(Lines of atoms letter the chains of each structure in order from A and count residues from 1; the text may use other names and numbers.)
(Lines give C-alpha, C1' and ligand atoms only; values in the text may rest on other atoms or scores of the structure.)
Protein backbone atom coordinates (compact mmCIF):
# COMPACT_ATOMS: atom_id res chain seq x y z
CA UNK A 1 0.00 0.00 0.00
CA UNK A 2 1.11 3.58 -0.89
CA UNK A 3 3.31 5.23 1.76
CA UNK A 4 4.06 8.88 1.04
CA UNK A 5 6.31 11.18 3.07
CA UNK A 6 7.88 14.59 2.37
CA UNK A 7 10.63 13.94 4.84
CA UNK A 8 12.69 17.03 3.88
CA UNK A 9 10.10 19.56 4.91
CA UNK A 10 12.17 21.76 7.30
CA UNK A 11 11.63 21.27 11.05
CA UNK A 12 10.96 24.26 13.35
CA UNK A 13 9.81 24.46 16.99
CA UNK A 14 7.59 27.35 18.20
CA UNK A 15 9.31 27.50 21.64
CA UNK A 16 10.95 29.16 23.26
CA UNK A 17 10.09 32.43 21.36
CA UNK A 18 6.38 31.88 20.56
CA UNK A 19 4.23 30.43 23.35
CA UNK A 20 1.31 30.54 20.96
CA UNK A 21 3.15 30.16 17.68
CA UNK A 22 1.91 26.78 16.31
CA UNK A 23 0.08 28.29 13.29
CA UNK A 24 2.79 30.72 12.21
CA UNK A 25 5.51 28.13 12.88
CA UNK A 26 3.76 25.47 10.68
CA UNK A 27 3.24 28.14 8.08
CA UNK A 28 6.97 28.97 8.28
CA UNK A 29 7.96 25.33 7.56
CA UNK A 30 5.52 25.25 4.59
CA UNK A 31 6.79 28.55 3.16
CA UNK A 32 10.47 27.50 3.53
CA UNK A 33 9.84 24.21 1.70
CA UNK A 34 8.04 26.19 -1.01
CA UNK A 35 11.27 28.20 -1.51
CA UNK A 36 10.58 31.33 0.57
CA UNK A 37 13.20 32.78 2.94
CA UNK A 38 11.17 33.50 6.08
CA UNK A 39 11.18 32.69 9.77
CA UNK A 40 8.49 32.21 12.41
CA UNK A 41 9.23 35.60 14.10
CA UNK A 42 8.51 37.60 10.95
CA UNK A 43 5.29 35.65 10.43
CA UNK A 44 4.35 36.16 14.07
CA UNK A 45 4.61 39.91 13.63
CA UNK A 46 2.80 39.90 10.27
CA UNK A 47 -0.21 37.77 11.07
CA UNK A 48 -3.32 39.92 11.40
CA UNK A 49 -4.27 40.27 15.07
CA UNK A 50 -7.45 40.92 17.05
CA UNK A 51 -7.86 41.80 20.71
CA UNK A 52 -8.64 38.89 23.07
CA UNK A 53 -11.55 40.90 24.55
CA UNK A 54 -12.71 44.42 23.71
CA UNK A 55 -15.94 46.26 24.72
CA UNK A 56 -17.17 42.97 26.21
CA UNK A 57 -16.77 41.15 22.89
CA UNK A 58 -14.25 38.25 22.33
CA UNK A 59 -11.94 38.23 19.29
CA UNK A 60 -12.74 35.98 16.35
CA UNK A 61 -9.93 33.69 15.14
CA UNK A 62 -11.52 33.94 11.71
CA UNK A 63 -10.68 37.65 11.80
CA UNK A 64 -7.11 37.50 13.13
CA UNK A 65 -4.84 35.90 15.67
CA UNK A 66 -6.72 36.30 18.98
CA UNK A 67 -4.69 37.86 21.73
CA UNK A 68 -1.04 37.25 22.56
CA UNK A 69 1.07 35.16 20.18
CA UNK A 70 4.26 35.61 22.27
CA UNK A 71 3.52 34.86 25.94
CA UNK A 72 1.24 32.54 28.01
CA UNK A 73 1.43 35.27 30.64
CA UNK A 74 -1.24 37.15 28.64
CA UNK A 75 -4.52 35.84 27.25
CA UNK A 76 -4.59 34.42 23.72
CA UNK A 77 -5.94 31.67 21.58
CA UNK A 78 -4.82 31.13 17.93
CA UNK A 79 -5.85 31.98 14.40
CA UNK A 80 -7.96 30.09 11.88
CA UNK A 81 -7.55 29.42 8.18
CA UNK A 82 -8.73 32.80 6.69
CA UNK A 83 -6.13 35.19 8.20
CA UNK A 84 -3.58 32.43 8.07
CA UNK A 85 -4.26 32.09 4.30
CA UNK A 86 -3.92 35.83 3.79
CA UNK A 87 -0.47 35.67 5.36
CA UNK A 88 0.49 32.77 3.08
CA UNK A 89 -0.60 34.84 0.04
CA UNK A 90 1.71 37.69 1.04
CA UNK A 91 4.57 35.32 0.28
CA UNK A 92 2.99 33.11 -2.43
CA UNK A 93 0.45 35.45 -4.14
CA UNK A 94 0.03 33.13 -7.08
CA UNK A 95 0.52 29.65 -5.48
CA UNK A 96 -1.00 29.69 -2.00
CA UNK A 97 -4.35 27.82 -1.78
CA UNK A 98 -6.95 27.44 0.98
CA UNK A 99 -8.14 23.86 1.00
CA UNK A 100 -10.54 24.43 3.91
CA UNK A 101 -13.73 22.33 3.54
CA UNK A 102 -12.29 19.97 0.90
CA UNK A 103 -12.02 16.31 1.78
CA UNK A 104 -9.09 14.60 3.50
CA UNK A 105 -8.36 12.88 0.18
CA UNK A 106 -7.64 16.20 -1.46
CA UNK A 107 -5.05 16.82 1.26
CA UNK A 108 -3.38 13.48 0.59
CA UNK A 109 -3.34 14.30 -3.13
CA UNK A 110 -1.51 17.55 -2.26
CA UNK A 111 1.07 15.66 -0.22
CA UNK A 112 1.46 13.01 -2.87
CA UNK A 113 1.91 15.80 -5.45
CA UNK A 114 4.75 17.06 -3.23
CA UNK A 115 3.04 19.93 -1.37
CA UNK A 116 2.68 19.61 2.44
CA UNK A 117 -0.42 21.04 4.12
CA UNK A 118 -0.80 23.24 7.19
CA UNK A 119 -3.76 22.00 9.25
CA UNK A 120 -5.72 23.20 12.27
CA UNK A 121 -6.68 20.31 14.65
CA UNK A 122 -6.46 19.62 18.39
CA UNK A 123 -3.36 18.59 20.37
CA UNK A 124 -4.62 14.95 20.88
CA UNK A 125 -5.14 14.33 17.18
CA UNK A 126 -8.42 12.58 18.05
CA UNK A 127 -12.02 13.76 18.16
CA UNK A 128 -12.92 15.60 21.32
CA UNK A 129 -15.98 15.21 23.44
CA UNK A 130 -18.41 18.05 22.87
CA UNK A 131 -18.00 19.35 26.41
CA UNK A 132 -14.35 20.19 25.66
CA UNK A 133 -15.56 23.12 23.42
CA UNK A 134 -16.71 26.63 24.32
CA UNK A 135 -18.72 28.97 22.17
CA UNK A 136 -17.47 32.54 22.02
CA UNK A 137 -19.65 35.38 20.90
CA UNK A 138 -17.73 37.73 18.63
CA UNK A 139 -18.69 40.68 16.40
CA UNK A 140 -19.11 38.11 13.64
CA UNK A 141 -21.14 35.33 15.14
CA UNK A 142 -20.41 32.38 17.38
CA UNK A 143 -17.28 30.38 17.08
CA UNK A 144 -16.38 27.07 18.65
CA UNK A 145 -13.02 27.04 20.42
CA UNK A 146 -11.09 24.53 22.48
CA UNK A 147 -7.90 25.30 24.42
CA UNK A 148 -6.64 22.06 22.91
CA UNK A 149 -6.45 23.89 19.51
CA UNK A 150 -3.27 23.03 17.67
CA UNK A 151 -1.65 23.42 14.24
CA UNK A 152 0.76 21.12 12.45
CA UNK A 153 2.11 20.38 8.95
CA UNK A 154 0.86 17.25 7.21
CA UNK A 155 3.84 15.82 5.47
CA UNK A 156 2.93 12.20 4.81
CA UNK A 157 0.59 9.21 5.16
CA UNK A 158 0.33 5.44 5.04
CA UNK A 159 -2.58 3.01 5.44
CA UNK A 160 -2.55 3.19 9.20
CA UNK A 161 -0.83 6.55 9.93
CA UNK A 162 -0.30 10.18 9.04
CA UNK A 163 3.09 11.83 9.44
CA UNK A 164 3.41 15.40 10.70
CA UNK A 165 5.71 18.25 11.72
CA UNK A 166 4.48 19.39 15.13
CA UNK A 167 5.95 22.76 16.27
CA UNK A 168 5.51 21.63 19.89
CA UNK A 169 7.20 18.21 19.59
CA UNK A 170 10.96 17.95 19.38
CA UNK A 171 11.19 15.29 16.66
CA UNK A 172 11.37 14.64 12.91
CA UNK A 173 9.44 11.48 13.46
CA UNK A 174 5.87 11.98 14.53
CA UNK A 175 3.14 9.66 13.35
CA UNK A 176 -0.35 9.38 14.64
CA UNK A 177 -3.29 7.02 13.96
CA UNK A 178 -4.78 8.12 10.67
CA UNK A 179 -8.49 7.68 11.27
CA UNK A 180 -8.67 9.56 14.57
CA UNK A 181 -6.47 12.26 12.99
CA UNK A 182 -8.89 12.77 10.15
CA UNK A 183 -11.89 12.94 12.47
CA UNK A 184 -10.21 15.47 14.75
CA UNK A 185 -9.34 17.57 11.61
CA UNK A 186 -12.93 17.46 10.31
CA UNK A 187 -14.17 18.31 13.83
CA UNK A 188 -12.07 21.50 13.90
CA UNK A 189 -13.63 22.66 10.64
CA UNK A 190 -11.59 20.85 7.98
CA UNK A 191 -9.23 23.88 7.98
CA UNK A 192 -6.16 23.56 5.71
CA UNK A 193 -3.71 25.73 3.79
CA UNK A 194 -1.23 24.65 1.12
CA UNK A 195 0.20 25.87 -2.16
CA UNK A 196 0.55 24.61 -5.74
CA UNK A 197 3.73 23.98 -7.81
CA UNK A 198 2.96 26.48 -10.58
CA UNK A 199 1.52 30.04 -10.66
CA UNK A 200 -2.26 30.33 -11.05
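Residue numbers (the deposited numbering): 51 to 250. Think of the CB as a built atom: it goes at the ideal place given N, C-alpha and C, for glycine as much as any other residue.
Check	Outcome
Kindly confirm or deny that the segment 159 to 171 and the segment 92 to 103 touch, where touching means at least three C-beta pairs closer than 8 Å.	no
What is the residue span of the alpha helix (DSSP H) that residue 161 lies within?	154 to 162
Can you tell which of 85, 103 and 74 has its C-alpha closest to the C-alpha of residue 92?	74
Can you tell me which of the three DSSP states residue 238 falls into?	coil
So is residue 216 buried or exposed if we call it buried at 16+ other beta carbons inside 10 Å?	buried
Given this structure, state the Cα-to-Cα distance separating residue 212 from residue 116, to the nearest angstrom.	29 Å
Am I right that residue 118 and residue 132 are in contact with their C-beta atoms under 8 Å? What's the rounded C-beta distance?	Actually they are not in contact, since the Cβ atoms of residue 118 and residue 132 sit about 20 Å apart, beyond 8 Å.
My output table needs one value for residue 191: the three-state DSSP class, helix, strand or coil.	strand
Please report the distance separating the alpha-carbon of residue 134 from that of residue 218.	18 Å
What are the boundary residues of the alpha helix (DSSP H) that includes residue 210?	Premise fails: residue 210 is in no alpha helix (DSSP H) and is neither H nor E.
Is it true that the segment 195 to 203 meets the segment 147 to 158, where meeting means three or more beta-carbon pairs spaced less than 8 Å apart?	no
Can you give me the Cβ contacts of residue 82 inside the same chain, cut-off strictly under 6 Å, excluding the 5 residues immediately before and after it?	60
Relative to the ligand SAH, is the shortest distance from any of its heavy atoms to the C-beta of residue 185 smaller than 8 Å?	With respect to the ligand SAH, the structure offers nothing, as it holds no ligand at all.
In the DSSP output, which residue or residues are listed as bridge partners for residue 168?	203 and 243
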